[PDB]
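Enquirer: Would you mind keeping the following structure in view while I ask a few things?
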Amino acid sequence: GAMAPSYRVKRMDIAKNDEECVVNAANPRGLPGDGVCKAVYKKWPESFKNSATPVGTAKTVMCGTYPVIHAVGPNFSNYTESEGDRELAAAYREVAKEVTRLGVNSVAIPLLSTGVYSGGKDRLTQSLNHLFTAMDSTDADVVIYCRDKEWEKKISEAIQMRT
Ligand SMILES: [Cl-]
Ligand SMILES: [Cl-]
Ligand SMILES: [Cl-]
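Counting in the authors' numbering, the sequence shown runs from -2 upward without gaps.
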């Protein structure tokens, strides 16, 4: 584990992360997709062999020895708010189990269900709160990746408030 487990946020492409493993914001079918998923496909295409997995789950596939944890958040266009909330919390719990199993000291993670699966709603606080609920009991250094300047400030504020 990390000597003093922390949370940090960076505004940049997660395909350029400096962590021991990455979480992909995957679709259930293991397709190249869009947004984070397409960037992950371009950087680690080998990790998409048999990566299909249901909503609310995570499946890790190695690219060389680098682990890519495919985490499938719900598409809020299809789920109700209550069911989508439950599946989003479940996807993050599965990410925590995989990060623990892998023995890594750091992980790069995006906010699941905040892009094209958001159903057109701002889900920063909802998604980040489920990320903290799952990851708080792990000892890996967590680095959250985002692309928007206002989101970077809000995520940074949420991390700092708890310290
Ligand atoms: Cl970048
Ligand atoms: Cl998304
Ligand atoms: Cl963002």
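Even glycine gets a Cβ: it sits at the ideal position worked out from N, Cα and C.
Where do the N-terminal and C-terminal ends of the alpha helix (DSSP H) with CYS34 fall, by residue?
Expert: Start and end: 33 to 40.
Enquirer: Compute every distance between the C-beta of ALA87 and the non-hydrogen atoms of ligand 2, then say whether any falls below 7 Å.
Expert: Not so, every heavy atom of ligand 2 lies at least 7 Å from the Cβ.
Enquirer: Is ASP15 near ligand 1, judged by its Cβ being under 7 Å from some heavy atom?
Expert: Checking every heavy atom of ligand 1 against the Cβ of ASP15, none is found closer than 7 Å.
Enquirer: Does the beta-carbon distance from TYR89 to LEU121 come in below 8 Å?
Expert: No.
Enquirer: Once DSSP output is grouped into helix, strand and coil, what is the label at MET59?
Expert: Three-state result, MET59: strand.
Enquirer: What do you reckon, is the C-beta of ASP145 under 7 Å from a heavy atom of ligand 1?
Expert: False, no ligand heavy atom lies under 7 Å from that Cβ.
Enquirer: Could you spell out the range, first to last residue, of the alpha helix (DSSP H) harbouring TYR89?
Expert: Its alpha helix (DSSP H) spans residues 78 to 99.
Enquirer: Less than 7 Å between the CB of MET158 and some heavy atom of ligand 1, yes or no?
Expert: Answer for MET158: no, Cβ out of range of ligand 1.
Enquirer: Does the Cβ-Cβ distance between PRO25 and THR50 come in under 8 Å?
Expert: Yes, the pair counts as a contact, with Cβ atoms nearer than the cut-off.
Enquirer: If you drop the 5 nearest sequence neighbours on each side, which residues of the same chain put their C-beta closer than 8 Å to that of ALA87?
Expert: Same-chain partners within the cutoff: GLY53, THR54.
Enquirer: Inspect the beta-carbon positions of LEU125 and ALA155 and report whether they are closer than 8 Å.
Expert: Contact: yes.
Enquirer: Compute the Euclidean distance between the alpha carbons of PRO42 and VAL6, then round it to the nearest angstrom.
Expert: The straight-line gap from Cα to Cα measures roughly 25 Å.
Enquirer: Helix, strand or coil for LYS46 per DSSP?
Expert: Reduced to three states, the DSSP call for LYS46 is coil.
Enquirer: Here's the rule I'm using: 16 or more other beta-carbon atoms within 10 Å means buried, otherwise exposed. How should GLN123 be labelled?
Expert: By the 10 Å Cβ count, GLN123 comes out buried.
Enquirer: What separation, rounded to the nearest whole angstrom, lies between the Cα atoms of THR62 and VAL101?
Expert: If I take the Cα positions, the gap works out to 12 Å.
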